[PDB]
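In this note's numbering, the protein residues as written are 568 to 1083. For reference, the structure discussed in these notes is given below.
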Ligand SMILES: Nc1ccccc1C(=O)OP(=O)(O)OC[C@H]1O[C@@H](n2cnc3c(N)ncnc32)[C@H](O)[C@@H]1O
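Encoded structure:
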């Protein structure tokens, strides 16, 4: 669909309210502590919207939302959006200085926070002159007491479809950049990918390990399913415990499962993976980083369920290149999504020849107009009708897009560019490797060479044979210049809360260690 198909004045609360009153009694969200129907969610959201008015919240103002994946997260979100205020979904695993930057940068007058993050804000309270009211979920306004006297009716704000309704802070190399999205972006992404590509329907039930502050989870596990009347499952617990994730799948029986390759690998690493009932699943989705072909087969062979890998970014809200239930090429990002126009260019802007590595330029109506409080980086990223994602890609002879890696993660060995994704995808083929990361590192002649940081399967330790096996595997599958000069075994890798690997930290630690 197009933006022109939408009414000129649109509010993203319609994502929820397009289901009323027909699906008023259908359970909309499933949480271990709570289950709500579409009517109950709408009622509580209207109470939130009314309660925010009592705190003086107005159209165009940012409201802080820092809590676990829960019913209170959703009702707060739609309460803010319906009011015409700007919802700020904040990362749950940050530091107090990181929270201080965010809240000051968006001038949040009101913060909705869970009690377990309360002291993390309490120590930065003085440095937030605009923050007046802190509502606590779990000296302050408690969530339930705060929405109790408020009526369950509310009129949606007369928001333009291009007006900002949300602000997502994407972690940088930094710090984080504020990414504002308009009301129009929500039904657009829900239609362009959620329906047209993934094939979400009313009978479906979504469950994403990705959190609601991550737009991968925001769309896939809330905006997209509710757009078609489907239900969603919210997991408030720590994502690191893969066993509890599989049990949630067994208990609540979702039909769609979202995760990152690092999450799929962690699940398959479990010795008792098959002991969980995953039969309700009809489709799985992977994103955040490129899903290795070895992981796609390992999951397909253990579950029978296809995984849909697709690349998205917070600047575009969601996926712009994806695979399809009828068309999957394991290891690739699939085909261009209809409505999104792609382009691969060199480092000077010229369209590369077919098959060669180029920079990704995205043409989208769901893309943000600019960053929040980053003038320089906005003009570097948002190039008119084209969006620079900072990714290197190349196209198959069959038209399939393969992620070479982040432009920063690319390493140059002997003048030739080496893709970390390809090398990592080869390493993970070995059954002893759970996951890995490949960076560039000077070789005491200061010639950059590939170094592989490898996490082994649980309880497995390196051996003289294992190194040899991995070495011989890289000789058979990759060209000599792409082979890892060093192989270092680790028990953990620097990760973001969005299921990414912070290779810039490995690149920092390796450069530091090389100088010793
Ligand atoms: N916001 C999202 C919504 C939906 C799906 C992902 C996201 C998302 O992660 O948004 P972010 O702002 O955190 O970062 C985007 C960057 O992550 C990388 N990436 C994401 N998905 C893939 C993939 N399937 N294959 C290869 N690389 C991928 C890519 O470099 C991109 O530039």
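Just so you know, even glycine gets a beta-carbon here, dropped at the ideal spot from N, CA and C.
### Message
Please report the straight-line C-alpha distance between residue 627 and residue 844, rounded to a whole angstrom.
### Response
What you label residue 627 is simply residue 60 of the chain shown in a count that begins at 1. What you label residue 844 is simply residue 277 of the chain shown in a count that begins at 1. Each residue's alpha carbon lies about 45 Å from the other.
#### Entry: heavy atom of ligand 1 below 7 Å from residue 900 C-beta
In the chain shown, the residue the question calls residue 900 occupies position 333. Flag set: Cβ of residue 900 near ligand 1.
### Query
So does residue 876 have its beta carbon nearer than 7 Å to some heavy atom of ligand 1?
Along the chain shown, one-based indexing puts residue 876 at 309. Yes - ligand 1 has a heavy atom lying nearer than 7 Å to the Cβ of residue 876.
### Task
Check the DSSP bridge columns for residue 701 and list the partner residues they point to.
As a position in the chain shown, residue 701 is number 134, starting the count at 1. Partner(s): 678.
### Query
Would the segment 718–738 and the segment 852–867 be scored as touching if the rule is three or more Cβ pairs under 8 Å?
Touching, no.
### Query
What did DSSP end up calling residue 1017 once you bin it into helix, strand or coil?
Residue 1017 sits at position 450 when you count from the first residue of the chain shown. It is a strand residue.
### Query
Relative to ligand 1, is the shortest distance from any of its heavy atoms to the C-beta of residue 856 smaller than 7 Å?
Taking the chain shown and counting its residues from 1, the one referred to as residue 856 is at position 289. Flag set: Cβ of residue 856 near ligand 1.
### Message
Quick check: the Cα distance between residue 924 and residue 913, rounded to an integer number of angstroms?
### Response
The count along the chain shown starts at 1 and reaches residue 924 at position 357. The count along the chain shown starts at 1 and reaches residue 913 at position 346. Using only the alpha carbons, I get a separation of about 8 Å.
### Message
Three or more C-beta pairs under 8 Å: does that hold for the segment 616–627 against the segment 593–602?
### Response
Because the criterion of three Cβ pairs below 8 Å is not met, the segment 616–627 and the segment 593–602 do not touch.
### Query
Starting from residue 819 and walking both ways along the alpha helix (DSSP H), at which residues does that stretch end?
Within the chain shown, the letter at position 252 stands for residue 819. Counting along the chain, residue 819 sits inside the alpha helix (DSSP H) bounded by residues 809–819.
### Message
Counting beta carbon pairs with one atom in the segment 964–983 and one in the segment 897–910, are three or more of them shorter than 8 Å?
### Response
The segment 897–910 makes contact with the segment 964–983, as at least three CB pairs between them are under 8 Å.
#### Entry: Continuous beta strand (DSSP E) assignments of at least 3 residues falling wholly in the segment 740–784
You should have 744–749, 772–775.
### Sub-8 Å separation of residue 573 and residue 754 beta-carbons
Within the chain shown, numbered from 1, the residue matching residue 573 stands at position 6. Within the chain shown, numbered from 1, the residue matching residue 754 stands at position 187. In this structure, residue 754 lies closer than 8 Å to residue 573 by Cβ.
#### Entry: Separation of residue 579 from residue 712, as counted between CA atoms
On the chain shown, position 145 is the one that residue 712 refers to. On the chain shown, position 12 is the one that residue 579 refers to. Going by the C-alpha atoms only, they are around 26 Å apart.
### Query
Grouping DSSP H, G and I as helix and E and B as strand, with all else coil, what is residue 789?
Taking the first residue of the chain shown as position 1, residue 789 is located at position 222. Here DSSP, grouped into helix, strand and coil, assigns residue 789 to helix.
### Task
Note down the Cα distance separating residue 666 from residue 1030, rounded to an integer number of angstroms.
Residue mapping note: residue 666 aligns to position 99 of the chain shown, counting from 1. Residue mapping note: residue 1030 aligns to position 463 of the chain shown, counting from 1. The alpha-carbon atoms of residue 666 and residue 1030 are separated by roughly 43 Å.
### Three CB pairs or more closer than 8 Å across the segment 779–788 and the segment 878–891
Using a C-beta cut-off of 8 Å, the segment 779–788 makes contact with the segment 878–891, since at least three inter-stretch Cβ pairs fall below that distance.
### Residue interval of the beta strand (DSSP E) (run including residue 712)
The residue you call residue 712 lines up with position 145 of the chain shown. First-last for residue 712: 710–714, but that is the alpha helix (DSSP H), not the beta strand (DSSP E).
### Query
Can you check whether the CB of residue 656 is closer than 8 Å to the CB of residue 616?
As a first step, residue 616 must be located in the chain shown, where it is residue number 49. As a first step, residue 656 must be located in the chain shown, where it is residue number 89. Taking 8 Å as the Cβ cut-off, residue 616 and residue 656 do not qualify as a contacting pair.
### Message
If I measure Cβ to Cβ from residue 720 and keep anything under 7 Å in the same chain, skipping five residues before and after, which residues do I get?
### Response
As a position in the chain shown, residue 720 is number 153, starting the count at 1. Apart from sequence neighbours up to five positions away, the residues of its chain that approach residue 720 with a beta-carbon distance below 7 Å are 613, ordered along the chain.
### Query
Can you check whether the CB of residue 788 is closer than 8 Å to the CB of residue 825?
One-based indexing of the chain shown puts residue 825 at position 258. One-based indexing of the chain shown puts residue 788 at position 221. Cβ distance < 8 Å, so residue 825 and residue 788 count as in contact.
#### Entry: Opposing strand residues paired with residue 1008 [DSSP bridges]
For the purposes of this step, residue 1008 is taken as the residue at position 441 of the chain shown. Beta-bridge annotation (DSSP): residue 1008 is paired with 1016.
### Task
Have a look at residue 809 and residue 890 and give me their C-alpha separation to the nearest angstrom.
As a first step, residue 809 must be located in the chain shown, where it is residue number 242. As a first step, residue 890 must be located in the chain shown, where it is residue number 323. So the alpha carbons of these two residues sit roughly 25 Å apart.
### Query
Pairing CB atoms from the segment 810–824 with CB atoms from the segment 766–778, are three or more of them under 8 Å?
These segments touch.
### Query
Which parts of the segment 884–964 are runs of the beta strand (DSSP E), unbroken and 3 residues or longer, counting only runs that do not cross its ends?
Counting whole runs of 3 or more residues, the segment 884–964 contains the beta strand (DSSP E) stretches 886–889, 908–912, 925–930, 953–962.
### Query
How about residue 730 and residue 748: are their beta carbons less than 8 Å apart?
As a first step, residue 730 must be located in the chain shown, where it is residue number 163. As a first step, residue 748 must be located in the chain shown, where it is residue number 181. Between residue 730 and residue 748, the C-beta gap is not smaller than 8 Å, which leaves the two residues out of contact.
### Task
Answer yes or no: the CB of residue 656 versus the heavy atoms of ligand 1, is any distance below 7 Å?
The residue given as residue 656 occupies position 89 in the chain shown. No.
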